[PDB]
């Protein structure tokens, strides 16, 4: 497949964050991380998994799971720790659902499903 590389979840740089994540055409779940982050290492098996599910199945035209490296790229966003997760719904990108990470796929489903406007579940 042309797009079958490791990264179902759209790794968005700070360059694209305002276009991709801050897009209201779809609900975008963003994860601010660092590659050296042990917390991110616990966020990755959910992110690329759920992200796969979303960006591979019926949601790949809908909610996009995305993530930006908050320490490689200088984000104009707000960090409420070192990493942060923020759901920018397609309708309430002005009041994202700020999170630090539940470390689970379950919560992610529930996340864009309750927090998302599309209710992606």
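Every number here is computed from the coordinates shown, using simple stated rules; none is lab data. Backbone-built Cβ (ideal geometry, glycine too); neighbour counts: all protein chains shown.
Annotation: the antiparallel percentage among DSSP beta bridges lying fully within the chain is about 50. Largest GNM mean-square fluctuation among 14, 92, 72, using the chain with Cα springs under 10 Å: 72. With neighbours defined as other Cβ atoms within 10 Å of a residue's Cβ, the residues 62, 103 order from fewest to most as 103, 62. On full extension, the segment bounded by residue 60 and residue 74 gains 2.3 nm, given 0.36 nm per residue less the C-alpha separation. Taking the chain as a Gaussian network of alpha-carbon nodes connected by springs under 10 Å, the highest mean-square fluctuation of the residues 106, 31, 48 belongs to 106.
Would you mind ranking 50, 29, 22 by Cβ crowding within 10 Å, fewest neighbours first? Could you put the intermediate results ahead of the total?
Working: 50 23, 29 30, 22 18.
Lowest count first: 22, 50, 29.
Exposure proxy ranking for 57, 102, 5, based on other Cβ atoms within 10 angstrom of each Cβ and starting from the fewest, stands as 5, 57, 102. Each part reduced to its alpha carbon centroid, region 47-100 and region 11-33 end up 6 Å apart.
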